[PDB]
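A.B. asks:
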Amino acid sequence: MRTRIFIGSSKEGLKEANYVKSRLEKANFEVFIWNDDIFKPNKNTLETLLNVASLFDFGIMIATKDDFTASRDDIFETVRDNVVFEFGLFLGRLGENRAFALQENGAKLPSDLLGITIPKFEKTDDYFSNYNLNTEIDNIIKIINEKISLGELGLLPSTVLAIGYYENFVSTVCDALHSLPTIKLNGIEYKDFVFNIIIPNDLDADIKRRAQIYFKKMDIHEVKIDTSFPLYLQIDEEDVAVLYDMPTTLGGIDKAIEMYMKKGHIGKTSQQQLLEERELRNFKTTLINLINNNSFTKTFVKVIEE
Amino acid sequence: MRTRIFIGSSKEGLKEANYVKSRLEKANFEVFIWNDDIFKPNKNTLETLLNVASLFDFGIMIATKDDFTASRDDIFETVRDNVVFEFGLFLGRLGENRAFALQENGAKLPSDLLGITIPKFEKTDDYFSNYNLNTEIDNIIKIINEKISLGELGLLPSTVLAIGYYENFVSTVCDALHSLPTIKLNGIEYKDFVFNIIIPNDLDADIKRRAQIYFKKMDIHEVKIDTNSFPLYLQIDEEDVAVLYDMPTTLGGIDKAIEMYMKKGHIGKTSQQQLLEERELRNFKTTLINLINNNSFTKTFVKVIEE
Amino acid sequence: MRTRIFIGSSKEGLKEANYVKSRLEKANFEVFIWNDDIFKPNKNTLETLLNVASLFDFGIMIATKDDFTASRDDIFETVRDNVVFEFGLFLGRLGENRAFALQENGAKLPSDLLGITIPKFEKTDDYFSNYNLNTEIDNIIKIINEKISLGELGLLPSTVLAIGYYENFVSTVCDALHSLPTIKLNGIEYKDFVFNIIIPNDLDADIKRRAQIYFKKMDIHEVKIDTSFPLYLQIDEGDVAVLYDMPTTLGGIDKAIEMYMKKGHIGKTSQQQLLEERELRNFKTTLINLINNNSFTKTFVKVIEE
Amino acid sequence: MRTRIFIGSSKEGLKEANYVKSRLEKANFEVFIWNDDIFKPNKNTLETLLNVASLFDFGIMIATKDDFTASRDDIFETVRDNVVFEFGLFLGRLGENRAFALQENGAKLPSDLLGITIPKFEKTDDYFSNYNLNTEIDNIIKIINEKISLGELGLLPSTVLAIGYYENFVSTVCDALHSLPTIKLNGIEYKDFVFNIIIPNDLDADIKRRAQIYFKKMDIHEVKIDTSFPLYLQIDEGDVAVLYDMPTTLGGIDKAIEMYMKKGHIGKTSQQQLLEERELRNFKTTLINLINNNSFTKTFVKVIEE
Amino acid sequence: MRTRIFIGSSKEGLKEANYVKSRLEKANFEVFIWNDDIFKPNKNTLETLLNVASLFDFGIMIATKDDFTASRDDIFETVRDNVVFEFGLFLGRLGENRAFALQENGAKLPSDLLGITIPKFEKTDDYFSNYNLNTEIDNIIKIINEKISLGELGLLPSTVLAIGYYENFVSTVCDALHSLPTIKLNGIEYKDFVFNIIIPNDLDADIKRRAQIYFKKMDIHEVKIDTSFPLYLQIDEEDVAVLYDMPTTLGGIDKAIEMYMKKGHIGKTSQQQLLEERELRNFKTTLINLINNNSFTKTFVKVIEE
Ligand SMILES: Nc1nc2c(ncn2[C@@H]2O[C@@H]3COP(=O)(O)O[C@H]4[C@@H](O)[C@H](n5cnc6c(=O)[nH]c(N)nc65)O[C@@H]4COP(=O)(O)O[C@H]3[C@H]2O)c(=O)[nH]1
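Residue numbers (the numbering used here), protein chains in the order written: chain X, 75 to 380; chain E, 233 to 539; chain W, 11 to 316; chain Z, 11 to 316; chain C, 75 to 380.
(1) Closer than 7 Å by C-beta to W/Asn140: which residues in its own chain qualify, once you throw out the five before and the five after it? Chain order, please.
(2) Anyone know if the C-beta pair for E/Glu368 and X/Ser344 falls short of 8 Å?
(3) Check the DSSP bridge columns for W/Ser19 and list the partner residues they point to.
(4) Per DSSP, Z/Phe110 forms a beta bridge with which residues?
(5) At a Cβ cut of 9 Å, what residues of the region 141-154 of chain X count as close to chain Z, listed as they run along the chain?
(6) Taking Cβ positions, are W/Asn299 and W/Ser81 nearer each other than 8 Å?
(7) Shorter than 8 Å from the beta carbon of W/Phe138 to some beta carbon of chain E?
(8) Output yes if chain E places a C-beta closer than 8 Å to the C-beta of X/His295; else output no.
(9) Chain W beta carbons: is any one of them nearer than 8 Å to that of Z/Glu162?
(10) If you draw a straight line from the C-alpha of W/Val204 to the C-alpha of E/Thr518, how long is it?
(11) So, E/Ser242 versus E/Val316, is the Cβ gap smaller than 8 Å?
(12) Give the residues of chain Z in contact with W/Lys278, contact being defined as C-beta atoms less than 7 Å apart.
(13) Output the distance between the C-alpha atoms of C/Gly162 and C/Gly169, rounded to the nearest integer angstrom.
(14) Using only the heavy atoms of ligand 1, determine whether one of them is closer than 7 Å to the beta carbon of Z/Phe97.
(15) Which same chain residues end up closer than 7 Å to Z/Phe78 when comparing Cβ atoms and leaving out the 5 residues on each side of it in sequence?
(16) With DSSP collapsed to three states, give me the class of X/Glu380.
(17) When you compare each of C/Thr122, C/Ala175, C/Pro184 to Z/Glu87 by their alpha carbons, which one comes out closest?
(18) Going residue by residue through the region 324-359 of chain X, where are the continuous alpha helix (DSSP H) segments of at least 4 residues, counting only ones entirely within it?
(19) With C-beta atoms as the reference, is C/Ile217 less than 8 Å away from C/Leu277?
(20) What number of angstroms, rounded off, separates the C-alpha of Z/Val311 from the C-alpha of W/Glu289?
(21) Looking at chain X, is there any beta carbon in it that lies within less than 8 Å of the beta carbon of E/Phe238?
(22) Give me the Cα-Cα distance between C/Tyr93 and W/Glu57, rounded to the nearest whole angstrom.
(23) From the DSSP output, read off the bridge partner residues of W/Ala251.
(24) Among W/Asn107, W/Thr309, W/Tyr254, which has the Cα closest to the Cα of W/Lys226?
(25) Measuring CB to CB, does Z/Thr182 end up less than 8 Å from Z/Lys218?
(26) Pick helix, strand or coil for W/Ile85, following the three-state DSSP scheme.
(27) Alpha carbon to alpha carbon, how far is W/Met228 from Z/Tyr242? Give it in angstroms, no decimals.
(28) Helix, strand or coil: how does DSSP classify C/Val375 here?
(29) Select from the region 109-132 of chain Z all residues with a C-beta closer than 7 Å to any C-beta belonging to chain W, and list them in chain order.
(30) Just the Cα atoms here: how many angstroms apart are Z/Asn302 and E/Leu507?
(31) At least one CB of chain Z closer than 8 Å to the CB of C/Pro115: is that the case?
(32) Are the beta-carbon atoms of X/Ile79 and X/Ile134 separated by less than 8 Å?
(33) Would you list the residues sitting across from W/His188 in a DSSP beta bridge?
(34) Classify C/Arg97 as buried or exposed, calling it buried when 16 or more other Cβ atoms lie within 10 Å of its own Cβ.
(35) Taking C-beta to C-beta, are W/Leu195 and W/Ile245 nearer than 8 Å?
(36) Sorry if obvious, but does the Cβ on C/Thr323 come closer than 7 Å to a heavy atom of ligand 1?
Here's what the structure looks like:
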């Protein structure tokens, strides 16, 4: 599991990037250099980099001098432009504050560009005692670690569903419950409520049917929550008021990942499952982060995995 | 049994095709190179190619270099275009997601086309120790094994029967049964139901009569299932588990389809006709079990078994 | 749990070793060429060939033209010396009717060498279209098939222990039981009897204690059958008598494995388990073959697994 | 708290040592090069090597070209002299099947050192693109992983104490208790019995006092069973009997640990605790391995933590 | 018998090694040089060294000048390195305070290295009139004679087993006996006791059986002693209270010896007997040194040999 990190080179930036690969791998980061195992069918790294978004999460770049003077290329000509095309495409397919890079001293790229620092580091044939790259890597580990728990992906189709679900259902039900004296559900009068959100492991095809069977199987009866339209939710019967729900909105991301890749294959494919897991984990992270923002939701709304 | 795989080389790469034959056969894949024994009565490989669809399931080829300059041929002239003619006709008769290829480093064939990646390998006269071709064969096996369990054959006459059967009968009765409180079947009230589908080994001649004589001897009583839209006639066994049974009545469709697929001029059943029956039935089983494992109303309550 | 074949070849004739490995593996024959990961510990092929007698069952060698004409050699001063040395040491550690060979049609090694007619083949590029070599491999395969249940001819101590066990306990017990109606057996008549033999699933240090524990688990008494000295075995309390006994002589073969495998290693190794299981399989095969060969014990003794 | 490995190199080959520790820690082996903060109290690498006979488990070292050709050296008159003397000290204090060696393509070290296959590598700049070095480190890793759970070779007194304890107490008591139905046990019958062995988490001087205190914590009475002399153990009052005992023989190993270190210092250090607990874990592993090798105790005794 | 010392010179200190051999013999220290008769099967001195620990007790190294300049070697190269590897591995197999050395005037070794003073001596072809090396052999003697009774060998299994024996058994029985007014042993009351320990001449196979067979034929009956766990011992009846015991802990060192040497060699060997005697004498020395230091053990616990 863990976060996927991608470092890019044309034909010579291999080992001075593999050092960062190994150090990040020491921190349980599945960092895949551009030629480990995924990109073997892909003849070039450009067709891989055009698929880095929402597939290889964060990324780093390393460039040196040995591929900066003169060389002929196969797919392109004047390969000296291929490195900067790679850098620009990688920075465009990830977004700012999510795509990092470094370069060698004397690399024909500016030290700073687009508000992202691109330090130039030394040669130091063996790098383990080069305590200038080391601080940068120690920093990047903790900066990325801050950006798994923080889902600043508002453009992504998962996060928009997450924020819509949170703000328009969880916030609404919690605000409605703090209106009448304590709680008015199914005749009996409760005192406190802890909302439960159950995110499925795999979405498959349709979500409403799964929610229906899941609620039927666990002996859960409907409730009325009045707020514009009153909300229908689910409560467990065994005054604690353990409210339960499954996000119905996940059908949107289900269809999105179905259409995202050319799918002429009945049933679930491993790539489809991996994309499913990525989108759902980002949805879960965004939902938790929004939950941890509002004071009325600090502790009264919990999300669990089943 | 197992999957059937085809490999195609013109007249000089047959050795590196035999190597892939051996490696696939080590993974329980039945592999028939285009000159094993079946195609000997066939005068050329092109009739075998026009008889490869729905018969050899998946397909592969190996592209070479030593037959790429000039040579005279019997059926054709300028045989040097037959490598790409093979690669085109073979991706035609089998379709995408059912045809693969491997090619030499720098071979005179397209690097990629039609969404089918064609990985490259070098000659390596020490073939068994080339950890580039072996990786390609390993991942081709891993790709294939993901396509036995998932039947992407919507054009096939069996997969459409599977989709129709599921969507119009199994999903329909599953939706109908989750309408009334627990169960209302023949007056008596059970709690939960287990739909069971029985796919025969062979379809014989007619399916309705086979169902009638199967359920006359196993002593199962009929039931009325009323959906929102015509009621679905099913049968529930009497011995509170509600084990509903049914056999796909529509398998006679695929029986007739593969009777008309091949020229059947002989009365009675035939070995090749049996092979086509088994192929279509296993594809139907795969498609139905995949559609069952999709919808949550069907994953558990509906099970397909072999009688 | 299948037969193992060791294929030995020079560093330049490894292609034929690989091809024969594939051909034998097509018959469910676990084949280990001298260059697998198991032999990375050992330094040279001579060390791995020295202990091939019991570790690797049968074997086969391939001698090629490129390692038989000119090379400087490392262990010896001449590869021409080397190849005949490995052939000799292999044919010595395995002996007659337990080792074969192959070589090029033009090799100076003669066809018949103290037995086992050594066939010929040609360097025909890719070998999947050689009828001669394939026919050779096929009759080799049928040879191992016909000599896997025959047993041994004075080989590893499993067979001699099996012969001793049968001819000194089983036959004498059965003769004693048939010499008169099986009436007494501690005062209760039984008519027919069954003598069940239970092979311990692994050689576990001292073996009589294991038999005592296993028999005590089933609440099994001791009977007193008379034959020179009376023989004592177990009964399992009268239409058909049932009698049990566990091979106690396997302690000797376990201790023999202990000596053969030099061990300052305090514990069990995968190598020790492999040798133990192979030698128990040999003992079991010898015993079953020899009990179905005879007439008194054709049907009245059953060998099973615990 | 895992396996530990010590890697030593000259002041210039520290690059190779760093790469090897990277490779080993990628395969879950805690590796300490001589340059760490642990060896600051020691003066020279020879004095760090002074106590590596048992402190740092397995060890491997590296020699290069120009730390083995010409230099002045500080401790000796020649760096070649220093490297060969240091390798001699390591190979002596570690021995066979517990040490390994790597050396540069031009190194003058012999390919054989009274055994132990010496691999061979080169200065290929950054070491993440070295196939042969990676494979040899991988075989080392597999050897270490398949070797750490076996036992010892007459090494630190943990293994000899384990063998003595088992073969003089556990086997004797188990054999005496299975020699007859466990009926008496001070006048009350139990049939089956369980012989629970508790390993103390840490060694604190005298251990029989610790045993008495711990047994009194559970209100345990003493029993007497006859076997030479009657062996007295503790019971835990009856379908299945249960017996307890913690190794009293650990007093000898604790005193050995105290004597092997300085006397003037009072109070335990982190180093003492680490070495002590490591060797205690070794004793526990040896005991459980020997138990699963034996017959009576395979399923009838339990070794657990206090 | 007496102390055994191994001395090492490569090819030019042979006369210088024989002189130190003679001067150690003058103090009755049996000296085996590396090529008397034992090491004839060993092709090189390196495989002689790989068994020098615990077999040849002490050690002395002799350094010569004509073996320091230049000479091609067989097992190594640049015998300048081979002698130093010798001096390092010999120190690694014996350690500090158990390994001494002598070096020629101007020899390329430190004057003081690793806590071993390496004294200087010139050639002096007539060695018997050299009052420099005679004085140094004298101080070697007065160092060694202090180190037979003092067994500071806490690493060696014999010493740790002895420490365990004393501290866990003899101290406990002495403390229990000096508790009630005079004596309460088998009902009868005595006044003073002489506990006695019978060190076996040979490790046999299991000291349990030897203990029973020895105590049965002296008509010695068991005694009950109460201290955690009670103590069972042996007392003779013919008020002197001669209690008896036999060290049962010697089983561990036994199995350690027969596992230390690879044993496919059934039966005892001269090497086995030599290790036997060395381990037994070390155990007896350690126990008798621990006994006289204490006050409760100096007088009432005597060690005897049958
Ligand atoms: N609760 C209990 N445990 C037992 C008994 N006998 C042996 N053990 C356990 O087995 C350890 C080693 O026993 P050993 O090899 O026979 O060698 C033993 C033995 O030769 C002797 N020894 C120890 N305890 C006794 C004893 O209670 N009676 C006698 N006669 N000798 C003893 O000292 C050696 C080391 O003893 P330890 O350090 O104590 O460690 C002992 C102890 O943990 C017993 O009667 N009761």
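No residue lacks a Cβ here, since even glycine has one placed at the ideal position from N, Cα and C.
C.D. replies: Reading it off the structure:
(1) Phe131, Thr134
(2) no
(3) W/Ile72
(4) Z/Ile70
(5) none
(6) no
(7) yes
(8) no
(9) yes
(10) 50 Å
(11) no
(12) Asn303
(13) 10 Å
(14) no
(15) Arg90, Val93, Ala117, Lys118
(16) coil
(17) C/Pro184
(18) 324-334
(19) no
(20) 29 Å
(21) no
(22) 42 Å
(23) W/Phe203
(24) W/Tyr254
(25) no
(26) coil
(27) 30 Å
(28) strand
(29) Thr127
(30) 53 Å
(31) no
(32) yes
(33) Beta-bridge pairing links W/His188 to no other residue.
(34) buried
(35) yes
(36) yes
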